[PDB]
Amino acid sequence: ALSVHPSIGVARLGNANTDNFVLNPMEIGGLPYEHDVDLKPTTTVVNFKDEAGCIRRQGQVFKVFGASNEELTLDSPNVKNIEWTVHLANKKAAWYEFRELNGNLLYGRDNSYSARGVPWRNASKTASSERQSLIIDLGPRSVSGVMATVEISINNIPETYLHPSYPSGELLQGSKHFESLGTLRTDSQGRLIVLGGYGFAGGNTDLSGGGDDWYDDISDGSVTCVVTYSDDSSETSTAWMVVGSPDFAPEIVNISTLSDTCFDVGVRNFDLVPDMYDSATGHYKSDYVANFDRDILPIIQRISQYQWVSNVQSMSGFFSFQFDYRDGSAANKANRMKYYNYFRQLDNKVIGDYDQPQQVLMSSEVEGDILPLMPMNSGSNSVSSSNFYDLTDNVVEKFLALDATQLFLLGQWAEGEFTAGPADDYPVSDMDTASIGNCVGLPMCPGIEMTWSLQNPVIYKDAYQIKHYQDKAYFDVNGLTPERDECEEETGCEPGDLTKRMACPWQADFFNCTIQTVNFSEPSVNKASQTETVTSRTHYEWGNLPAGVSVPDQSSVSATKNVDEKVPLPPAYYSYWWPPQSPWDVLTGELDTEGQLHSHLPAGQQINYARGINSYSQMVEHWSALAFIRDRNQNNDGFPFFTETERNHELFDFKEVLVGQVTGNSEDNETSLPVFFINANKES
C-alpha cells in the first residue's frame, strides 16, 4: 500500500507573481522555505513579500512512500510515472451562514443546522442547480513528470468536467475578475506542489444589510496519487489539501493546533494510542505515563510566545519556571497540581447546560486569589447568548480550554505520572503534523483555516486522514453536492467541505479575529440589550450684577435615550481570539530612518497590528499590506525578539490629533493621539 504525506496539506494565499512562491514549513512553528530551480527547499524564507509589497504564495510539497516507507519519485527503480490529481473547490457561497456552534453535531442532532433554523447563504437561490452554481469548482487538474505546471483556471477546465461553476463576469465590488483557484506543479523528481489562491475577494453587493453574492479564492479538496510501475501496474493513495489565508506570524504556534485536534480525535475515536485511552470504556487510562518534553513542554513554550502578538501577562506564571516543571517528586506535587488546577476543564457537549467550567473566567473573585483561568482566551462561543436566533438553548462556550488529550496529559504531569528525557514519538508521521500543526485548532468561532467539523470523527477514515466521498468519475458527471453535510452523512468529504463554513470572504474572519469583550457573570449570556438614559437639568444663574439688580434663574431638562440591541453584558473581560494567527498587539520593527519616517513610529513600541485598516471593507482590499511578525534574533536560540517586518507603510496616511482638538481644552494638547488610515484617494 502507498501513503501520501502530508495527509492534510496546507497552502496559503498570495498576491505576488504566480511564479514567485515559497515552500511549506517543515515543522510546527517553522518558517516556510525558499527553493532552487528544481523546486527543492533551500534556506528559510528571506522576504515574505516581493518588492512591490505583494505576498508570496506558500505551496505544499506532497511525497508518496512505498510499503516499506521509502519515498517514491520518478527516479525510483520500477517507477515509470507518478500522477497527482487535485480537486479543489470553494463551497462557501453555497453553505449556511456561520452561527457559532449551531450546526455542530457533536452537541447532538438537536443542534443540526435544520433544527437550529440556520439560513443558507444567498438564500434567494433555492433550487439545487442554482445552489450548485454558487460553488467555485473548476474541476480536478492533474500533473506529472519533471517540472510540470498547470493552473487551476477558468480557461482549462477539462471537457470531461460537466458542471464547473464560478462567479463570472465583472464583479461590482472588490476583486473584479475571478480566474483561478491556484496552481499545481511538480518538482524535478515528480513530487507534487500545490499552490492555492491569489487572495481574490469580490462580489455584487455593498459590504457597507449587504454581503450576498460574494466570493473568495480559498479552497480545499482531494489529492490523489497514482504511481505507475514499469509493467503498467499501479497503486493509488490519497490525501487532502487546504488553502488558508496568510500566516502572518509563522514562528508563533497556537496553544492548540489543528494537529492537536487531529491527534485528540485520533486518541478518543480511532485507538491511535491504546496505552492512553481505553476505547472499550471511553476513558483515558490513569496509568499512562506522559513525557515532559513531548507532551508538556510544547504547551508551555506556546504559551510563552503569545506575548509578541497579544497582552496576556496573566499567563506568565505558566512559563516562569517559578518551580521546577521537570520535578516529578511528591515534594513538588502541590505545585504541579496548583498549575494544573488553573486550567479550565472542558465543558460537556450538552445543549442547554450553561453552568460549566468554560463559562468561568477567574479562579476566584476574592482579592488575593484572582487569576484568569488557562489558557486565557475566548472560547468557541463568546459571541451569542443562549437566547439568540429564536432559540432558548443556543450553545455557549465563553472561554478557552485545552483539548481533552492535552489536558489529560497535563493532569498526568500534575499527578507525577511523567518522565523526563526522550520519549518515543506517537504513531503519527512528522510530515503530517508539520502542515496542520501550523493551523489554528481552538477556538473555532469559526476559526482561521478550518472550523469545528474537523473535530468530528465522522469525517475521517482514520487518525489524521480525511475520508473521501466518491471519486473523480462521480464528480466529472455530477459536480459537487451543495447542500450535503459530510458530518451528517458520515460517508466522507467532498472538495470544498473543509473550508466552506468559514467567512465568505475570509477577510471578515481576519478583521473580526482580534479580541472579544466577554461577560463573566451570567453563564447563559454573551450579549444583552442595553439602554442608557441620560437625564440632564441645565440651570442658569447670572451674577456680577450691579447692586440694584436681579435677574431670574432659568432652567430646563433634556434627556437622551440610547438603545443598543446586542452588547456584551457587563462585567466583561478583554479576551483574545487567535493571537498567533491574527496578531493584535505587536512591536514596531523599522530600525532605519526611512522606515521610521514612513511608519511614523520609533522601533520597539507596542502598537495595534491592524492600525489603519479601519473597516471591514478596507481589510477586504488591503489585507496584504499587513506585517509579518518575525523573530529578528532567529540565529540565537532562546533569545527571541519578534517585531513587525514588511508592512506596506506607504499605503497608510497618518494624522497626529492633539487631545485638545477633541476636548476643546488647549491645555490637553500636551498629549496627542496617532491615527493611521487609508486615504480613500491616494495614488502612485
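In case it trips you up, residue 1 is the first one in the sequence shown, and so on.
Next item on the list: Using the PDB record, quantify the missing residues of the deposited sequence between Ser208 and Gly209 as none, 1 to 3, 4 to 9, or 10 or more.
Entry: Missing residues, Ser208 to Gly209: 1 to 3.
Next item on the list: Quick one: say whether 140 to 148 or 597 to 605 has the higher mean Cα B-factor in the deposited entry.
Entry: On average, C-alpha B-factors are higher across 140 to 148.
Checklist line | Mean temperature factor over C-alpha atoms, higher-scoring stretch between 261 to 269 and 302 to 310 | finding: That would be 261 to 269.
Next item on the list: Sort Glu646, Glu34, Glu27, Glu650 by C-alpha B-factor from the entry and give me just the highest.
Entry: Of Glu646, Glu34, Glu27, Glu650, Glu650 has the highest C-alpha B-factor.
Check: Quick one: which of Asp213, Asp220, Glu367, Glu522 has the biggest Cα B-factor according to the entry?
Finding: Largest recorded C-alpha B-factor: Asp213.
Note to self: Using the temperature factors of the C-alpha atoms in this entry, rank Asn348 within its chain: lowest, middle or highest third.
What the structure shows: For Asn348, the deposited C-alpha B-factor lands in the middle third.
Checklist line | For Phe628, the third of its chain into which the C-alpha B factor falls | finding: Tercile = lowest for this residue's CA B-factor.
Item checked: CA B-factor placement of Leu673, once the chain's modelled residues are sorted into thirds -> It falls in the top third of the chain.
Next item on the list: Comparing against every modelled residue in the chain, figure out the third that the C-alpha B-factor of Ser175 lands in (lowest, middle or highest).
Entry: Within its chain, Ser175 is a highest-third residue by C-alpha B-factor, going by the deposited values.
Note to self: Per the entry's values, where does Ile55 land by CA temperature factor relative to the rest of its chain, in the lowest, middle or highest third?
What the structure shows: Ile55: CA B-factor falls in the lowest third of its chain.
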